[PDB]
Amino acid sequence: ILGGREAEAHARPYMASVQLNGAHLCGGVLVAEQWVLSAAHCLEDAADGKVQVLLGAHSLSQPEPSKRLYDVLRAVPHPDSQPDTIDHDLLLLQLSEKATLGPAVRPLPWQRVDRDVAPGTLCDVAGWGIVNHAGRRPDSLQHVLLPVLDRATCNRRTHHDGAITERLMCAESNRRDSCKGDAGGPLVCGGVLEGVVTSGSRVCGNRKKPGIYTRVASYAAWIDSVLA
């Protein structure tokens, strides 16, 4: 997260760190007791590496009573995801067992009604991604509040030039933004999950290249099918 601040510890009990061989890789969001939603291109990461999900965390490295690292029973990328597109960029991770819930670990309600978030709505995104241009990785969860950007502005040639489908949404990226390591994390508006950070290549913190988020409401039936 660029231009953000350290998050209040455990105030986002839905937040997940998706890990590969014990290192933070991507964000994710607990959407059911046994299921974490993240981004498909994260799993281009990779092969038969050990994918795990850390719940209940603030610090990646330090002991905390609520921290628990879960193994992953099954990883389910969206079937229409492709290496060279930002479309359908969702991944569902089935934990080894249902997560132990408490004040620091709880699924987030997610949007089922397929209607766009209003322009200007202030939403929250959080992550353990890089915090400066050098690539410094934070030990603790960061977040930033970002206003939703209307799709037509986002689709201008100066911006993302037609790439923002009805299944995608944008937020402003003026110095404050998600960046490398934040893919798959949650964009939360009014206490409800609305978006998942996409995991394609994108400059960070340039107002001319808004953040792009997959609209979870667009994929409600798919999420239900996988969890069935």
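Positions are given from 1 along the sequence. The basis for the numbers below is simple: all heavy atoms, side chains too, and nothing from hydrogens, waters or symmetry mates.
- Considering only heavy atoms from C-beta on, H160 comes within 4.5 Å of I212 through its side chain.
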Please walk me through it: do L37 and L91 pass side chain to side chain contact (heavy atoms under 4.5 Å, CB included)? CA-CA 6 Å; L37 185 65; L91 173 62; over 6 Å; no
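- Summarising the geometry, atom CG belonging to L55 is positioned 5.5 Å from atom CG belonging to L30; distances are rounded to the nearest 0.5 Å.
- The shortest non-hydrogen separation linking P186 to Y14 is CG-CE1, 3.7 Å.
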Check the pair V117, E194 against side chain to side chain contact (heavy atoms under 4.5 Å, CB included), reporting the backbone distance first and the verdict last. CA-CA 8 Å; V117 180; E194 291 288 349; 3.5 Å; yes
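- Open room surrounds CZ on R5; 12 or fewer heavy atoms of other groups in view lie less than 6.0 Å from it.
- Nearest heavy atom pair, residue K67 against residue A57, reads CG-CA, 3.6 Å.
- Paired with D177 under the rule salt bridge (charged side-chain N to carboxylate O under 4.0 Å, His left out), one option of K208, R207, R202 passes, and it is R202.
- When all heavy atoms of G191 and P109 are compared, the closest pair comes out as O-CD, 4.1 Å.
- A salt bridge links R151 and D116; the closest N-O separation between the charged side-chain nitrogens and carboxylate oxygens is under 4.0 Å.
- For the atom pair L69 CG and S96 OG, the distance stands at 9.0 Å (nearest 0.5 Å).
- The environment of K180 atom NZ is sparse: at most 12 non-hydrogen atoms of other residues, nucleotides or ligands sit within 6.0 angstrom.
- By the 4.5 Å heavy-atom criterion applied to side chains, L101 and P107 are counted as neighbours.
- Contact annotation: the side chain of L95 never approaches that of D71 to less than 4.5 Å [non-hydrogen atoms, C-beta and beyond].
- Separating the CZ atom in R115 from the CZ atom in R215 is a distance of 10.5 Å, to the nearest 0.5 Å.
- Judged purely by atom type and a 3.5 angstrom limit, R106 has no side-chain atom pairing as donor or acceptor with the backbone of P13.
- Annotation: the span from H24 atom NE2 to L141 atom CG amounts to 9.0 Å, rounded to 0.5 Å.
- The two residues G200 and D89 come nearest to each other via the heavy atoms N-OD2, 4.4 Å.
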I'd like to know whether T198 forms a side chain to side chain contact (heavy atoms under 4.5 Å, CB included) with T214, so could you lay out the CA-CA distance, the side-chain angles of the two residues, the decisive distance to 0.1 Å, and finally the verdict. CA-CA 6 Å; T198 54; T214 307; 3.5 Å; yes
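- Residues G27 and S38 approach most closely at O-OG, 2.7 Å, considering heavy atoms.
- Surrounding CZ of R156 are at most 12 heavy atoms belonging to other residues, nucleotides or ligands under 6.0 Å away.
- In this structure, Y219 and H88 have perpendicular ring planes: the angle between them is above 60°, well past the 30° mark.
- The backbone N or O of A104 sits nowhere less than 3.5 Å from a side-chain atom of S66 that would complete a donor-acceptor pair.
- With a 4.5 Å cut-off on side-chain heavy atoms, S140 and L60 do not count as touching.
- In this structure, CH2 in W110 is found 9.0 Å from CG in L193, a value given to the nearest 0.5 Å.
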When the side chains of residues 143-150 are checked against the rest of the protein, which donor-acceptor pairs come out under 3.5 Å, sequence neighbours left out?
unit_1, atom_1, unit_2, atom_2, d
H143, ND1, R12, NH2, 3.1
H143, ND1, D124, OD1, 2.8
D150, OD1, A152, N, 3.2
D150, OD1, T153, N, 2.8
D150, OD1, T153, OG1, 3.1
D150, OD2, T153, OG1, 2.6

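- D84 CG: 12 or fewer foreign heavy atoms inside a 6.0 Å radius.
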Dump the intermediate steps for side chain to side chain contact (heavy atoms under 4.5 Å, CB included) on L187 and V197, then the final yes or no. CA-CA 7 Å; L187 183 70; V197 182; 5.8 Å; no
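- Ion pairing between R68 and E97 holds under the 4.0 Å rule for side-chain N and carboxylate O.
- Interatomic distance, CG of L54 versus CD of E64, reported as 8.0 Å (0.5 Å rounding).
- In plain terms, the two heavy atoms of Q142 and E6 that are nearest each other are OE1-N, 3.3 Å.
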